[PDB]
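First up is the structure itself, then whatever we jot down about it.
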Amino acid sequence: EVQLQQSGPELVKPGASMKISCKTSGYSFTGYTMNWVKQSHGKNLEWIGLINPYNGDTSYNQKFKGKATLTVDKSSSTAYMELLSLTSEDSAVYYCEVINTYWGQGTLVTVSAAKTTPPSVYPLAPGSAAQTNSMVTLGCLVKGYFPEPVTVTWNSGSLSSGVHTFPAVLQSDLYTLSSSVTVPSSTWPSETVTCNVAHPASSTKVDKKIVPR
Amino acid sequence: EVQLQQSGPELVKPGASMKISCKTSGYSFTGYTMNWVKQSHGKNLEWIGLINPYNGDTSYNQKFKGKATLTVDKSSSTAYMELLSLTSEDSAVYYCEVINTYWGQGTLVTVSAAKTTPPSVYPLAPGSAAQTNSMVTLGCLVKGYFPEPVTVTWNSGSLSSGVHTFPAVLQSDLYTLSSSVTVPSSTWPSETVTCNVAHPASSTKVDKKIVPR
Amino acid sequence: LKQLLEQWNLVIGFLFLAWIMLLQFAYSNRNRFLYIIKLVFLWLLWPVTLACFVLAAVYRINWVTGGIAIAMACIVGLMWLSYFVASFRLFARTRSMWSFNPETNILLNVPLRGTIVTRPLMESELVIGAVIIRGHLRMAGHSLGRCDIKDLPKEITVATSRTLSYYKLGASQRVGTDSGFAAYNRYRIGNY
Amino acid sequence: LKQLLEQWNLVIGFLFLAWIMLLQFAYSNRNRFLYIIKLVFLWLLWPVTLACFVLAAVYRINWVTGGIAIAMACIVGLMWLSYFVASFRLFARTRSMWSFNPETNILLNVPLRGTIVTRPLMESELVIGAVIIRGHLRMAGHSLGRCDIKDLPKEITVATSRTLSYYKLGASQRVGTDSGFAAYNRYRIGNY
Amino acid sequence: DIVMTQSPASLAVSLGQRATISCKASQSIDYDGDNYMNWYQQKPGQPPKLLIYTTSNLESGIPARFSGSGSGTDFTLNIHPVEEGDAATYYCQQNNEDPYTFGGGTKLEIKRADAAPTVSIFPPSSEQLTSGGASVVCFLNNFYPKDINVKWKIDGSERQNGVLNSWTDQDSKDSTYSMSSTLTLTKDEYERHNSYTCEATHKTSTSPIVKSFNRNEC
Amino acid sequence: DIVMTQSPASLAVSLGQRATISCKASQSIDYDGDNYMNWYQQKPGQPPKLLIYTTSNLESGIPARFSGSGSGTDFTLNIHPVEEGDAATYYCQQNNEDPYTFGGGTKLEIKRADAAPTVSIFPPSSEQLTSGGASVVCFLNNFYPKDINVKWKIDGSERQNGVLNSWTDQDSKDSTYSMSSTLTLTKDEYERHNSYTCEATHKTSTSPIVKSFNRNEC
């Protein structure tokens, strides 16, 4: 019914500024207040400020004052947060909420002098495993990408059951993702199984088929 | 918890008058309006009228004017209805209700000049029938009672299931009742089975055990 | 002397002041002792208004003013004459002194604490709400005294000079431990 | 100098008559036009009462009456100052016409039909009830216009000039065709 | 003064299927746009229970599977996921006009798979024979269809006199029925024929179930 | 700047048993006799949702198993019929003052029967070896409890160097854990060693699971 669509992730250097654009729908734009949260690294909720989209009348706490500007555009049913003088402690998942009920999906803000890199896809297969059990495990190593997120699924989202996805490990400022899926042995080599890797930050999309080796 | 406890069954002759009491509890009296309902033929519902327990203002339907009168006893938290000039068509169950959600048990009023007689209890068993299989049927016949409310229980309520109790029938102005219970051979004649027949109208209670003979 | 009319200025000064006080300190009913008094004042605005117009029909300046004063006095008479007709007819059905109020012709009856509490009701509709604040019941602007949510009546009635309505307790909820909320839905209509 | 000067009796006669009409053929806040007029009469009452005491002071029979009439006038006009200060402070926090009224210094704001509807509020409690009759929404004794139950606002606010309270829609129910019931509970308190 | 009726005098509905019961109000009750109508449910041996008030307000404690609506004169009760426990008589009431009349009721039965009866019989007791009378009683248990033809044939002769038949209501746990058929006679007539037979012809087979005993058997 | 704290850092609760989280406030709130306190729930990869508001008003859509109470400066969240789906982080919020604050967050873990890991070892891919370097990947699936010691050996010699370890969150259906261990090798030091072994030591066995492969097998 009520939506709070986010603009998606972005990467900037220290001292930079940005605007987080939230688009809503499903109800009259004005008449409800808007609230912002930071959720900094780790698992800690926090309050940034409140505004009234009808007429302004903003309110901030004493710690975030001067670090952000909260505004509104009534013509597009949107609300904005302007990030000022971003530093290393500002990396976080920012999002909008209305009445402690509806939340946006999260805008990932990364503050770092780092280069965006595409993933290298290295599919895994149980070569010479010589297994006689009614199960075969296959997977895929996705390495060298930056920044987060990277989306990795199987058979374009068709294969989800039996899939174990691990948190990416950060090494030398690049992320490595691990994923493994177990299927019945009757699936191989007869069926086609592919690993689908998408990394929007680098405009990279890869689709690799796994074969016996 | 709102409760309405009625006086119980009564028997009167044609042309007789009588009072039906209804003792209430669980809530303050002189509060909610009391309504009277007559159920006829065991099928149709009807409406007699209402009485306000605080201010003795009554309102009657149409055909019950001069046929029934309503009154209350505030000190005893008891409501009354008085039945006048009772005839053969006045036999019915009379209920008290408060706001259509709380109903009494029902007072059964019989209008008859017939004599009340005690029941005769005759046990049923497959004597010498050599029925030793998994389906052993035990039962009893109760005859010669009047006007209605004979209750038959098996083993003082121990045999709560497997019991088929039939509606009473009438012959020569007297009532009869049959019932039976299905038991395994493991309980017969290994256990004693007693039919508990209670007939309040004749102040009679008979506890009869079945003998396999 | 000139009729020492300064005395009439003092009388109206005090009479007007009474309304300034009542409408600032005796608002929203609340204390039954302020409400019952407020109802007295309004019953003494028909004889005051009338006296003003009648007096002007005696101490006339000209024929036009006299004629107007008389016509206006006549209208004020017809007001007091309805209040009396309406109040007696309501009393005939509901034998309570609450039938003689200068506000409305509808009474609300809510059973509480072993007795029945009666107050004037401004309008009769399908749904009547009820609010409990810190253990006290408020309905249709009136305070009906102390009542816990668990003890809230399962039935209330509304009476007029023509009909009688019965309202059944519907939904209810507890809010903040002591406070709470409920609503009553009309389920039965009677006559007289 | 030998004049009657009694025409003020017609003026006061009509003023009293106006009050009777307002409390008889209006009274209830059924629409904004009648409500606005009533608020004006409740305002003009201030200088009228004041004038009555002043005249007594000017034409005083003796020094006793003079001293009393003056003291009384000082109180009636001492209160008017208050009516103002309080209204000004409310206005300073908000930005609406309704901030100036003789009844209350608290405002209710309910978003409806693309805009926000504002009315004076004499409550400000933990729980606010709402009733919908035949598609119309009524709250706190005021008619807020047309509103179906399916579109009832999930958030309303109350401004007291010192604090700002936010209320959240709780349970609601339909009670026949296009009628129903709802209630709002405080969820948050902010300060000005 | 106001007639109110229900058309579907009897219903038969399988589990999980929708049941509908209609009612028509003769004088179109309407008070300021609101119609009034109350629906009740009654089980054997008990007072009626209120389900719905003012045409659509579901009584607290009543399962959501019960709903209803209407306008002016036409009102309907809808039970969507009909269950095996929904075997009761339903009624209507106005709650608007002076007499507050009731309409007639409708009876809802539950459909089930066919089943044959278990048959057992008893001889006269010693107490009855001592007293000077006699009786033979036949029980039919746990069958579904109600259409059973019970016969009392003695040495080829059908005995119509002295036979009573009592039926139970539909069982609330398994939707089955039971029957009790009793033959009443005097000792002087009992001690004549040697073989006593009870027969029941059912609708799930072409072979009637027969039980019998000999007076000299016990 | 109003500080709130929760007593437990985390809970370990078996199915069907009651779980409790308590919180204390430095301020009594006491607004017109009413205390304020909101409770929130958050899952991995998702924004939080509100469960309880103003100390005791259950949010719509939230099951009655969640019962909030308390007064003054003492607030408690009671979850009675704990189920397998109740695996989330719970938070507090005062919701009374301009500098609105939140609590630290308490993690709820669910107890379940012990289970051995399934161990599967993958050799380096041709693409990585061609480009230069090798990655040996060891997966441990569906085990409990979480505490497993995973070791790596090169030609029988333990090598703790170059090993990355990523852990999953407790599963929402089977309440199990999974682990992925990756060994990164250079291109030159890979071909000089032929035997690669991984060992998983779990609390459910006195005999660690050992899996291995040889470079010349694939």
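All of this is worked out from the model, or read from it or from the source named; nothing here is a laboratory result. Cβ placement follows ideal geometry from the backbone for every residue including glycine, while neighbour counts extend to all protein chains displayed.
Filter region A:153-198 down to residues that are under 21 Å from A:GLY8 (Cβ atoms), of a type in the set (A, V, I, L, M) and more than 13 Å from chain F (Cβ to nearest Cβ) and give me whichever is surrounded by the fewest Cβ atoms within 10 Å (Cβ to Cβ).
A:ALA198
Is region A:81-93 home to any residue that is within 27 Å of D:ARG95 (Cβ to Cβ) and β-branched (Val, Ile, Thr)?
Looking for residues that are within 27 Å of D:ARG95 (Cβ to Cβ) and β-branched (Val, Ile, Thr), one finds none in region A:81-93, hence no.
Of the residues A:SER134, A:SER120, only one is touching a helix residue (DSSP H, G or I) at 6+ places or on another chain (Cβ under 9 Å) and surrounded by 16 or more Cβ atoms within 10 Å (Cβ to Cβ); which?
A:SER120
Can you tell me which of (1) closer than 30 Å to A:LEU45 by Cβ; (2) surrounded by fewer than 20 Cβ atoms within 10 Å (Cβ to Cβ) is the one F:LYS153 doesn't meet?
Of everything listed in (1) closer than 30 Å to A:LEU45 by Cβ; (2) surrounded by fewer than 20 Cβ atoms within 10 Å (Cβ to Cβ), F:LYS153 misses just condition (1).
Give me the residue from region A:50-64 that is more than 10 Å from chain F (Cβ to nearest Cβ) and in a strand (DSSP E or B) and, out of that set, nearest to the chain's Cα centre (by Cα).
For region A:50-64, the residue satisfying everything is A:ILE51.
Within region D:47-81, which residues are more than 9 Å from every other protein chain (Cβ to nearest Cβ) and of a type in the set (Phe, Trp, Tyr)?
D:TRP63, D:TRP80
For D:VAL158, only one of the following conditions fails: (1) part of a strand (DSSP E or B); (2) more than 12 Å from chain C (Cβ to nearest Cβ); (3) closer than 17 Å to A:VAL98 by Cα. What is its number?
Failing condition for D:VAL158: (3).
What about E:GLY104, is it in contact with a helix residue (DSSP H, G or I) (Cβ under 8 Å, 6 or more places away or on another chain) and in contact (Cβ under 8 Å) with a residue 40 or more places away in the chain?
no
When you look at A:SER7, is it in a strand (DSSP E or B) and among the hydroxyl-bearing types (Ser, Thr, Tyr), yes or no?
Taking the combined requirement at face value, the residue does not satisfy it.
Would you say D:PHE88 is surrounded by fewer than 18 Cβ atoms within 10 Å (Cβ to Cβ), over 30 Å from D:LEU126 (Cβ atoms) and not assigned by TED's automatic domain parsing to the domain that holds D:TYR184?
It is false that D:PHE88 is surrounded by fewer than 18 Cβ atoms within 10 Å (Cβ to Cβ), over 30 Å from D:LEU126 (Cβ atoms) and not assigned by TED's automatic domain parsing to the domain that holds D:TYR184.
Just to be sure, is C:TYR35 in a helix (DSSP H, G or I), among the hydroxyl-bearing types (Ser, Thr, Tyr), touching a strand residue (DSSP E or B) at 6+ places or on another chain (Cβ under 9 Å) and outside the structural domain of C:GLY141 (by TED's automatic domain parsing)?
Yes, satisfied.
All but one of (1) within 14 Å of chain A (Cβ to nearest Cβ); (2) without any contact (Cβ under 8 Å) to a residue 24 or more places away in the chain; (3) surrounded by fewer than 21 Cβ atoms within 10 Å (Cβ to Cβ); (4) not small (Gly, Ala, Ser) hold for D:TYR192, so report the exception by its number.
The single condition D:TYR192 does not satisfy is (2).
Would you be able to say whether some residue in region C:142-153 is of a type in the set (A, V, I, L, M, F, W, C) and closer than 23 Å to C:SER87 by Cβ?
yes
In region A:23-49, how many residues are touching a strand residue (DSSP E or B) at 6+ places or on another chain (Cβ under 6 Å) and within 11 Å of chain D (Cβ to nearest Cβ)?
Final tally of qualifying residues: 4.
Tell me the residue from B:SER128, B:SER76 that is surrounded by fewer than 18 Cβ atoms within 10 Å (Cβ to Cβ), in the same structural domain as B:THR151 (by TED's automatic domain parsing) and over 30 Å from B:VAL150 (Cα atoms), please.
B:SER128
In region D:1-46, which residue that is among the charged types (D, E, K, R) and without any contact (Cβ under 8 Å) to a residue 12 or more places away in the chain is farthest from the other protein chains (Cβ to nearest Cβ)?
D:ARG32
Identify, please: which residue in region F:156-172 is more than 10 Å from every other protein chain (Cβ to nearest Cβ) and under 17 Å from the mean Cα position of the chain (by Cα) and is, among those, surrounded by the most Cβ atoms within 10 Å (Cβ to Cβ)?
Going through the qualifying residues, I end up with F:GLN170.
Looking at this structure, is B:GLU46 closer than 26 Å to E:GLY105 by Cα and part of a loop (DSSP other than H, G, I, E, B)?
yes
Quick check on A:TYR80: is it closer than 25 Å to F:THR106 by Cα and assigned to a strand (DSSP E or B)?
No, not satisfied.
Strands (runs of 3 or more DSSP E) wholly in region D:77-144 with at least 3 residues that are touching a residue at least 12 places away in the same chain (Cβ under 8 Å) - which ones?
Result: D:106-112, D:115-121, D:127-133.
Please go through region E:189-207 and give me each residue that is surrounded by fewer than 17 Cβ atoms within 10 Å (Cβ to Cβ) and touching a residue at least 24 places away in the same chain (Cβ under 8 Å), ordered by number.
E:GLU189, E:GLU191, E:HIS193, E:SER195, E:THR201, E:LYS203, E:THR204, E:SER205
Give just the number: which of (1) over 28 Å from D:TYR192 (Cβ atoms); (2) touching a strand residue (DSSP E or B) at 6+ places or on another chain (Cβ under 8 Å); (3) within 11 Å of chain A (Cβ to nearest Cβ) does F:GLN93 not satisfy?
(1)
Name, by its number, the condition in (1) surrounded by 15 or more Cβ atoms within 10 Å (Cβ to Cβ); (2) farther than 30 Å from E:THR76 by Cβ; (3) within 12 Å of another protein chain (Cβ to nearest Cβ); (4) within 24 Å of the chain's Cα centre (by Cα) that does not hold for E:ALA134.
(4)
Considering (1) within 21 Å of the chain's Cα centre (by Cα); (2) away from chain A (no Cβ under 14 Å); (3) of a type in the set (S, T, N, Q); (4) not in a loop (DSSP other than H, G, I, E, B), say which one D:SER172 fails and leave the rest.
Just one mismatch for D:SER172, condition (1).
Within region F:85-94, identify whether any single residue is exposed (fewer than 15 other Cβ atoms within 10 Å of the Cβ) and in contact with a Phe, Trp or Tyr (Cβ under 9 Å, 6 or more places away or on another chain), and answer yes or no.
No, that holds for no residue.
Would you check if C:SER124 is hydroxyl-bearing (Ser, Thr, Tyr), touching a strand residue (DSSP E or B) at 6+ places or on another chain (Cβ under 8 Å) and more than 14 Å from chain D (Cβ to nearest Cβ)?
No, not satisfied.
Any residue at all in region E:8-29 that's on the phi > 0 side of the Ramachandran plot, free of Cβ contacts under 8 Å to residues at least 60 places away in the same chain and more than 11 Å from chain B (Cβ to nearest Cβ)?
Yes, that holds for at least one residue.
Here's the yes/no breakdown for (1) among the hydroxyl-bearing types (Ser, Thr, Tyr); (2) outside any loop (DSSP other than H, G, I, E, B); (3) away from chain A (no Cβ under 13 Å):
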position	(1), (2), (3)
F:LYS146	no, no, yes
F:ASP174	no, no, no
F:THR182	yes, yes, no
F:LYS187	no, no, yes
